[PDB]
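Participant: This structure is in structure tokens; I'll ask about it shortly.
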Amino acid sequence: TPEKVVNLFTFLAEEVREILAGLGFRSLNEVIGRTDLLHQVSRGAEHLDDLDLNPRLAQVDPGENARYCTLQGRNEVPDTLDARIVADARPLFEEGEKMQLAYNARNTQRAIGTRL
Amino acid sequence: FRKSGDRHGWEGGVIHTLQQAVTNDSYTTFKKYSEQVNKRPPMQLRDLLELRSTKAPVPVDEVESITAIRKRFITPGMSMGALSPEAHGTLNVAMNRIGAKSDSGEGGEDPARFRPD
């Protein structure tokens, strides 16, 4: 039943809310990228050599760019010959008639004829 | 035209060359056509003019695409009364297919043609 999955995700978010409130923050953006909030506790009775988890807590300073920051929308990409076609073939996309086009093709141009 | 003299612009050999080159798609044949046409002794004003420049030649790939040139030519009007409807329709279809502007003429146009097939 989908209601089961809805309730499952509701419960997960509820627990996250509770633990984050108990921690002392107000949102998730305030915690992503922070490793100076974790600590290591060991099992003394096992006597094994303590697993050196220290490198997993190595924190490098981000500088000016935030640790979580990300731009909006997908990353851009240069245009190929396809653009030159979609401007010269607009009568096709407005009326739906036959078309015959001719061009010169260099090797640098990639994926000729996918946007159309 | 007669074999005696009075050179013309369209003789038999040139017509056959153009027709074979356009029906066989052999661009080399069209080049042979153009060489046959330009080789004739002067007959018009535009055969008394040479063209030169000063810069270095540029490889043919840098010249703008063929379609940006084909979209410049037009087909002058031809009345539907003069030529049969078949030729009119064929010209219209071809020119509107490559993207240029064809012409109707004086004899008007059938209304049933005002929509794409």
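A quick note on method: Cβ atoms are made from the backbone with ideal geometry, for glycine too, and the neighbour counts reach across all protein chains shown. All of the numbers you see were taken from the coordinates with simple rules; none came from a lab.
Participant: Rank-order B:90-97, A:1-8, A:19-26 by packing density, defined as the average count of other C-beta atoms within 10 Å over each peptide's residues, highest first.
Facilitator: Descending packing order for the listed peptides: B:90-97, A:19-26, A:1-8.
Participant: Averaged over peptide A:103-110, how many Cβ atoms belonging to another chain are found within 10 Å of each residue's Cβ?
Facilitator: Numbers: counts 4, 7, 1, 1, 0, 0, 0, 0.
So the per-residue partner count for this stretch is 2.
Participant: Continuing with this model, one more query. Could you give the radius of gyration (one decimal) and Dmax (whole number) of the Cα atoms in chain B, in Å?
Facilitator: My reading of the Cα-based Rg and Dmax gives 19.0, 55 Å.
Participant: Based solely on its DSSP helices, what 222 nm [θ] is calculated for chain B when runs of n ≥ 4 H residues each add -39,500 (n - 2.57) and the sum is averaged over all residues, nearest 500 deg cm²/dmol? If you can, show how the numbers build up before the last one.
Facilitator: Values: 4 runs with 44 residues, N = 117.
Helices in chain B give a 222 nm mean residue ellipticity of -11500 deg cm²/dmol.
Participant: For chain A, with a Gaussian network of springs between Cα atoms less than 10 Å apart, report the residue from A:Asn65, A:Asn104, A:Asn75 with the top mean-square fluctuation.
Facilitator: Between A:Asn65, A:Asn104, A:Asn75, it is A:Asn104 that shows the largest mean-square fluctuation.
Participant: Return P(r) of the stretch B:40-90 (all Cα-Cα pairs; 10 Å bins starting at 0; whole %; ordered from short to long distances).
Facilitator: 15, 20, 33, 23, 8, 0
Participant: Which log10 I(q)/I(0) values does the protein assembly as shown give at q = 0.08, 0.09, 0.12 Å⁻¹ under the Debye formula, counting every alpha carbon as one identical point scatterer?
Facilitator: Results for the protein assembly as shown at q = 0.08, 0.09, 0.12 Å⁻¹ read -0.67, -0.74, -1.06.
Participant: Where does chain A land at 222 nm, in deg cm²/dmol rounded to the nearest 500, when only DSSP H runs of n ≥ 4 count, each adding -39500 (n - 2.57), divided by all residues?
Facilitator: -9500 deg cm²/dmol
Participant: Right, here's the next one. Highest first, please rank the peptides B:34-40, B:75-81 by the mean number of other Cβ atoms sitting within 10 Å of their residues.
Facilitator: Packing proxy ranking, top to bottom: B:75-81, B:34-40.
Participant: Out of A:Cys69, A:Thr80, A:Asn7, whose Cα points farthest toward the positive end of the dipole of chain A (charges: +1 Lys, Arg; -1 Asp, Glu; placed on Cβ)?
Facilitator: A:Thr80
Participant: Moving to a separate point now. Work out, in µm²/s and without decimals, the Stokes-Einstein translational diffusion coefficient of chain A at 37 °C, 0.692 mPa s, Rh from Kirkwood over C-alpha pairs.
Facilitator: Once the numbers are plugged in, D ends up at 151 µm²/s.
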